[PDB]
Every structure is written in structure tokens, then in C-alpha cells.
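Letters A, B, ... mirror the listed sequences (proteins, then strands); counts begin at 1. Remember, it's 1-based here, ligands and their atoms both numbered in the order they're listed. Reckoned from all heavy atoms, side chains included, excluding hydrogens, waters and symmetry mates.
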Number of protein chains: 2
Amino acid sequence: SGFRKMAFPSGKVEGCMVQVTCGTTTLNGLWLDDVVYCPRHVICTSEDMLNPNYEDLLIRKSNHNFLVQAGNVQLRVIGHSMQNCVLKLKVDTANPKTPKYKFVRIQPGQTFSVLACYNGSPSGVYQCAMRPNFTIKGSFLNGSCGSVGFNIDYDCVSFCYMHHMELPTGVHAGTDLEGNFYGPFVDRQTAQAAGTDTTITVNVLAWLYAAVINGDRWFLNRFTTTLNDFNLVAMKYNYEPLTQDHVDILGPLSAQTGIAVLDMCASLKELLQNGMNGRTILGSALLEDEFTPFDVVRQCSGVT
Amino acid sequence: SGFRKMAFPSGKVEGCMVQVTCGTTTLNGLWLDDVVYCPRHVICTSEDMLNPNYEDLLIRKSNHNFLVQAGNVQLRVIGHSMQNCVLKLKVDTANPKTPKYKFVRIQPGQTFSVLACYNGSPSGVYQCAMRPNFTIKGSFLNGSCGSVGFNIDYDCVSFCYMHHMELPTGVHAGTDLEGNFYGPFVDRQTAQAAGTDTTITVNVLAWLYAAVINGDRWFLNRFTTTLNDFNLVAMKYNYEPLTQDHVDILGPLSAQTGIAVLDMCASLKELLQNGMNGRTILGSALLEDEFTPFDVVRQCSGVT
Ligand SMILES: O=C(Cc1cccc(Cl)n1)Nc1cncc2ccccc12
Ligand SMILES: O=C(Cc1cccc(Cl)n1)Nc1cncc2ccccc12
């Protein structure tokens, strides 16, 4: 028992991190096979960041201007190309540590691990979620660009995020591994509107099931609700609407605990309306929404 | 910016995890050089767990009864010995992936990363602290024994914890890498008193400095306090007493923010006495105490 914000083991991803330098800018790259993926803003100086024309800026750059370093060895760049907001640097050496991998574009509400890197070296690993407003609440400093987000299925790493920006609000924006930003964000130093950060209702419910599994049952009440009644309360509290797909996804957790999804919804409804009254749930004084029903099941069953 | 419960990259430790089976019991082992370290309770059946005489139980075991598997290859055990509550299995092959390492016994209040494992395979990585009552609030299921806690200094892994037990209360107990339990716990299935779980005051203060660094300044007030006045409030709220050593350890954070330690103490004092009033600090509704002043500085400076 015990429930923790748990990240995937990062070793497979550590073996892919490299440092990419272009001119005066240094950020992280992901080395998979003979290609290094990195944010295209590696070609920009701070001056260029106001209104960059990446196509025009890229024209002034040749293969030899992209300095790629893996550990302490330099990689030879034999090709370069821009795919949306990522640069793909073709190197002459395939990464001998390339794991089995996929490039996936996740949905808002899904969770993933981030290996925060600086100068191609990993500094830490943490678990986060793609928010409904397509931002992430990471922990990133200057130089962390090119740090990636991933999920692991046994031995296959599904890369889902590459870090690009910090918005003026302190939240983070980035792309999938094809260079498409999550959300309406652009790689420009301009006023960008993040949007309402709603709570991922299905994830809160999964975490309430994790609490019951782990013995915290104080919030369980004698009431039930309907999807429509629950959603009237959920909208009022900026919670994502709960759908029948979400009820179905909570099926395994509902079965394991013997608590019907709509009964857990009524518990959540009362927690929203009355607060926690100074009490905690799994050592938290707020409702946690960065665990999916899959994360809860995985953590409570010990999938390796 | 952004502040997260961040763990060390686990790759160096993943390369050391093995599965140790003795009879019907399987748990994790740590393979460093030609020695596999594991909890001595690997020799016990559930029946033996009530009152085990490990010396007598060990006599019935020979090298060939300890099945050590690294990945899918079997390691040949050429020696075995008990050191306090750990078994050290001498194998004929040195781990080719042994990183630079140390065995250290941490103090209550210090933090470390845990690589949770099952059958020698890692499932997740999370950050935790050794509580003042010498328990840890981990996330561990049956089979996780032998999972380790560690810190990394550039390339040197300092192993500090090996998981052994879950107490009836759901908290976890374990040893350092010499087999000495943290706290008064014994590897026996008996009624064991964890003790008062106090709050690590110096860590709360460090996290308050991290909040100011990251822009959350609502809790900063116009007051100051003294160590003795602060401690009168701290004892009332089961907070660890704050000493001049702790004030000194917060020096760098105090300098970076321009907020004197005793002024942050007065802020903490008012947060304790008045509560958060439904507000959050770094996305938390309670005072976080699992970040040391070193963790805060490391995260805010990007040490790799
Ligand atoms: O945001 C940028 C650079 C940038 C500026 C404008 C547009 C684009 Cl695409 N990229 N880098 C950072 C990322 N994450 C965290 C940071 C923390 C401090 C300073 C920079 C940080
Ligand atoms: O506590 C034990 C086995 C045990 C029993 C008595 C004494 C000793 Cl030294 N060891 N194993 C576990 C560790 N962590 C978490 C667990 C969760 C569920 C079931 C067992 C768990």
C-alpha cells in the first residue's frame, strides 16, 4: 500500500539524451537511430525570438553549424530538416542505446513522465499530465528545451512531448515528436493565452478509487448521483464533464472496490460542495487529478 | 520556473536490479560488483515471519538455494552471508553496469529517490523522505522488498535505503545497505510502534523559499519572529524544532530571495496558526516537507 506520484524508470530515455548547440544557443536533443530531434528555436538568438522566420533563419545554417554532443563524443551531422517546430539532425551514427520506440500524440488528461535535462545531461524525473488547456505544469529552467515526456509499455518507449517554451504565466508548452505544439501555442516570444485550466474529473475519480484501495475511506458517503446531476456540480467547479466513456474506463476500479462509479461521483460532489474540512486524502489536502485510471491500476498492481 | 517532486534519473540503479528467489519467496536484489544485496527475509516463508530465527533458518540454506537472475541470465552464487538484516550473495560475475557507488546512512529529514521493483524489474521512480519517526511513506506492494533508495552526486550513486517491510499502518520500514534498520523496527511480523510523525520544519521553510522563487508570495507577511518564539508554535503543531544549524542551511535560499530566515519563520507561524484559507502554495493546499534546502537549490539551479 501507499500511493505516490510515480514516474517511469528513465534509463531508456537517459541513453537518448544529447546536447545540441547552434551558434550561441544550447539545448537538449533526443537521439533515436541516426536522427537527433530538437526544438527548432535552437537556431534563434534572444533577438530573433520576438518574430522569427524559421525558414529564413534556417537557410543561413548548414550541417556543420549544429554541434551535437553525446556524452563527451561529437556526432557528425550529415543532414538537417525542419518538421513543424522540430529540427531533425541526421547524424552518421545510429544511437547504440536506441530503445524500442513510438511517437504518439497524447490527449489532454493523459499523464507522462518527464526527464528534465540540461546540456544533454539528465537532472531529474517527474510525473505530470497534459492539462485540458494543453499546457503542462512542469519544472523547467533555461536550457531544459528538448527535454522529453514519455510513457513505457514493458520495453517500448512512447515519446509524447518535447519541451519548447515557458509561457509568461510559468506554465509550459511543447510539441509532440513530429513538432506540432500541444494547444494553440507558437514558438514565439509573444503574448500567448493559455486558457482555463480545468480539473480532469476522470483522474480525480481514479485517485478517489486509489484512496479507498489504500484505506482512506472517510469521504465515502451514503449517496449516489446521475451523470447529468454530477456534471451540473462539476461545471460549477471548472471540472471536465464526465462521460459514459469515463464511467467505462473506471470499470476495473469500480469492480475492485465494489463502489459504483456514480456513488464515487456523489462522494466527489460532496467533497466539492463542502470542502475537505482540514482533512487529507492520500496525504493531500486537495483533489489530485494527475493520475489516470490506467496509472492507478498500474501502481496498485505493480506492472514492470 | 515550476516546482515538482523530482526524483533522480534511475538508469544507474536500473542496471543493478536483480531478482533473488529462495524457496517460494522472490524479492529484489541490488547487484554491485560481485555481490547481490537483498533483505534477509528472502529465506522465510509466511509461517516463519511470526518469530524467525534467521541464523537457524540460514543454516538450512546453501549457495544453490539462492536463485539470482539478472534480466534473463542466471548468476552463479559462490558465497552467502548475513550482515544484520541483509544477505550478501557473492556471485561469480561482477556487474558490468556497476556505477560509482557509496553506502550511506541518512538522517531523518533527508530525501532520496526510490526505484520500486518487482521480480528484479523496475516499475517506477518516486521521491520521498526519511520521516523523523524513521518510516518512509512509499508506494510498495508485495514483492517490492529489496527495492532501493538512493541519491546521485554527478556520477556517484549513494545507496541509502533498502525496502524490507510494510507496517500494519501502511507506512514502510527498511534498512541502510549494511542491513541496519532505520528506526526501532525489526524484520518480524509483530506489533511495531512507528511513533509520532512530525513535520520536517527546515524542509517546509526550504519549500516556502522555492515558492517565493517561483512567484507564489501571498503568504509573505510584515512580521518577524525569534527561534524560541517560532519553536513554541512549531512544537504545538508537531513540527520539528528549528535550530541555528537549520537557519545556516537555509542561508543560500535566504540570500537568493532577500528574505531573512526568521521572517520566513514568521510567515510559516501565521500559516500554521491561521491555515491556508482555501489557497494553495506551489499547487499544494498543505505545507510540503519532502524537499530539503539542498533539493530546492538543486532544482532551482539545474544540477545534472
Ligand atoms: O521559453 C524558453 C525559450 C523560448 C522563448 C520564447 C519562445 C520559445 Cl519557442 N522559447 N525557454 C524556457 C523553457 N522552459 C523554462 C524556462 C525558464 C526560464 C527561461 C526560459 C525557459
Ligand atoms: O512486509 C512485507 C513482508 C514482511 C512481513 C513481515 C516482516 C517482514 Cl521483514 N517482511 N512485505 C511488503 C513490503 N512492502 C509492501 C507490502 C505490501 C503488501 C504486502 C507485503 C508488503
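Applying the 4.0 Å criterion to heavy atoms of B:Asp187 picks out, from ligand 2, the atoms 9 (Cl). Interface atoms of ligand 2 facing B:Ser144, defined by a heavy-atom separation under 4.0 Å, are 14 (N). With ligand atoms numbered from 1 in the order given, ligand 2 contributes 14 (N), 15 (C), 16 (C), 17 (C) to contacts under 4.0 Å with heavy atoms of B:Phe140. Atoms of ligand 2 found under 4.0 Å from any heavy atom of B:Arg188, numbered from 1 in the order shown, are 7 (C).
For atom 7 (C) of ligand 1, the choice among A:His163, A:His172, A:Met49, A:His164 with the nearest heavy atom turns out to be A:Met49. Relative to atom 8 (C) of ligand 1, the option among A:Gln192, A:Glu166, A:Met165 with the closest non-hydrogen atom is A:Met165. For atom 16 (C) of ligand 2, the choice among B:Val171, B:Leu141, B:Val186, B:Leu50 with the nearest heavy atom turns out to be B:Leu141.
In the displayed structure, A:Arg217 atom CZ is contacted under 6.0 Å by at most 12 heavy atoms of other residues, nucleotides or ligands. Counted within 6.0 Å of CZ on A:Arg298, heavy atoms from surrounding residues, nucleotides or ligands total more than 12; the atom is thus considered enclosed. For A:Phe294, the CZ atom counts as loosely surrounded, since its 6.0 Å shell holds 12 or fewer non-hydrogen atoms of other residues, nucleotides or ligands.
Nearest protein heavy-atom neighbour of atom 12 (C) of ligand 1: A:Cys145 SG, 4.0 Å.
Using modelled atom types, one finds a donor on one side chain and an acceptor on the other under 3.5 Å when comparing B:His164 with B:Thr175.
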**Prompt:** Do B:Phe291 and B:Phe3 pass the ring pair (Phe, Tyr, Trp, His ring centres under 6.0 Å) test, and can you show the C-alpha distance, the side-chain angles, and the key distance before you say yes or no?
**Reply:** CA-CA 10 Å; B:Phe291 296 103; B:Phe3 208 76; 4.7 Å; yes
**Message:** B:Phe112 vs B:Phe8, test: ring pair (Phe, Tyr, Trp, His ring centres under 6.0 Å). Steps then yes/no.
**Reply:** CA-CA 8 Å; B:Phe112 58 90; B:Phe8 283 100; over 10 Å; no
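Ligand 2 has no N or O atom lying under 3.5 Å from any N or O atom of B:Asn142, backbone or side chain.
Between A:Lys88 and A:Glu178 there is no salt bridge, since no side-chain nitrogen of the basic residue lies less than 4.0 Å from a carboxylate oxygen of the acidic one.
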